[PDB]
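S.K.: sequence, then structure. It's an experimental one.
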Amino acid sequence: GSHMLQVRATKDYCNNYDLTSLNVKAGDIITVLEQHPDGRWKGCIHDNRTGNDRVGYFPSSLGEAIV
């Protein structure tokens, strides 16, 4: 599950005011890649509602990778 992967994450992940985080809204799609320069990767959110597209950093395998 490397070289770009899309993950399905079920959680409500959105904190702080202004921040870069995977805005997971309990059953949402995340389009991520495998960077791992220390342990965290960067990924984008694929929103299935309006188009909430934001980038966030996550500590490796966050959602269920469907590639």
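M.R.: Cool, the structure landed. Residues are numbered from 1 along each chain as shown.

S.K.: tell me the spacing between the residue lying farthest from the centre of the chain and residue 1.
M.R.: Distance to the chain centre peaks in the chain at residue 17, reaching 17.9 Å (criterion: CA atoms, centre = their mean). Per CB to CB, to the nearest Å, residue 17 is found 32 Å from residue 1. Every C-beta, even on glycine, is put in place using the N, C-alpha and C of the backbone.

S.K.: now residue 6: which helix or strand?
M.R.: strand 5-9 (DSSP states H and E).

S.K.: nope, residue 48 is what I was after
M.R.: Applying DSSP H and E, one finds residue 48 in no helix or strand.

S.K.: what about it, neighbour count?
M.R.: Applying other CB atoms under 10 Å, we find 11 residues neighbouring residue 48.

S.K.: for residue 5, same thing?
M.R.: Neighbours of residue 5 (other CB under 10 Å): 18.

S.K.: how about it, what does it touch?
M.R.: Listed by CB atoms under 8 Å, 6 or more residues apart in numbering, the contact partners of residue 5 are 32-34, 65-67.

S.K.: what do you get if the cut-off is 6 Å, keeping everything else the same?
M.R.: Neighbouring residues of residue 5 by CB atoms under 6 Å, 6 or more residues apart in numbering: 32, 65, 67.

S.K.: could you do residue 14 as well?
M.R.: residue 23.

S.K.: mind doing that once more with 7 Å?
M.R.: 21, 23 (CB atoms under 7 Å, 6 or more residues apart in numbering).
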